[PDB]
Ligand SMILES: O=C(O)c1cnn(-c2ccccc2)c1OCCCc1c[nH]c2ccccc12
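Presented as C-alpha cells, the chain that follows is alone, the form solved without this ligand.
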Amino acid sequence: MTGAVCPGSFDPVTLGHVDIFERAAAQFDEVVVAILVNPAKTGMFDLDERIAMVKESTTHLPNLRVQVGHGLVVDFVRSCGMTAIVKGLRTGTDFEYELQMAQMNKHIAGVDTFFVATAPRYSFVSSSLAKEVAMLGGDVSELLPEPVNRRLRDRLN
C-alpha cells in the first residue's frame, strides 16, 4: 500500500546506504532501490555488479526490491505506483542541491522526498570517498557490506 524509492548510483553501495534501506523498509510496506544508469560511462562497477552488490547486501529485507532506474526519478517512482522518495543524509551531502531537487520533484510530479540522517558510525562514508581511499591503499572494509568488500578486494588485486 505504502512505498518508497531509494535512488542512487550505488557504485558501490555502502553501509550508509544499507542503513537508509533498513529504515525505509521498516517504515514503508515496500521499498524499491533504484540504481541509476551511469551517463558518460564513468563508474567503477558495471550495472550488473551494482545490482548484485545491493541484492547481496539486503537479503535480510524481504519487502525491498532492486531495479534499474531510467529517466527522471519521479517518473520511476510513479511507475512503481509510489509517491515517495527516501534519501539519506551524511557528512558531505549537498543538502541544498537535494532540497532544490526535492522541490522541483514535488513541483513536476507531486512526489514527496523524506530525508533521514544516516547512523553516526556510517555518516562519513560515501561511494566516491570509499573508492578513492581504497584505491590508495586504505582500509574501508568496516564501512561497506561484505559483498562489496569481496568485489573491491578482487578489483584491487
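One rule holds for the numbers: they count along the sequence shown, beginning at 1. Rigid core (definition): largest C-alpha set, two forms, superposition within 1.5 Å.
There is another form of the same protein, the form deposited with this ligand bound; it is not shown, and what comes next is about it.
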query: Interface residue in the entry with it bound among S126, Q27, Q67, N63, criterion: non-hydrogen atom within 4.5 angstroms of this ligand; finding: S126
query: Close approach of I20 to this ligand in the entry with it bound, 4.5 Å, heavy atom; finding: yes
query: Proximity of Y122 to this ligand in the entry with it bound, heavy atoms at 4.5 Å; finding: yes
query: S57, heavy atom within 4.5 angstroms of this ligand in the entry with it bound; finding: no
query: Contact flag, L152 vs this ligand in the entry with it bound, heavy atom cut 4.5 Å; finding: no
query: Single mover in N105, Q67, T93, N63, with Cα shift of 2 Å or more between this form and the one not shown when the core is superposed; finding: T93
query: Direction of the Cα shift between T93 and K131 in the entry with it bound, where the change is 3 Å or more; finding: farther
query: Comparison of CA distance in the entry with it bound with shown form for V68, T93, at least 3 Å; finding: farther
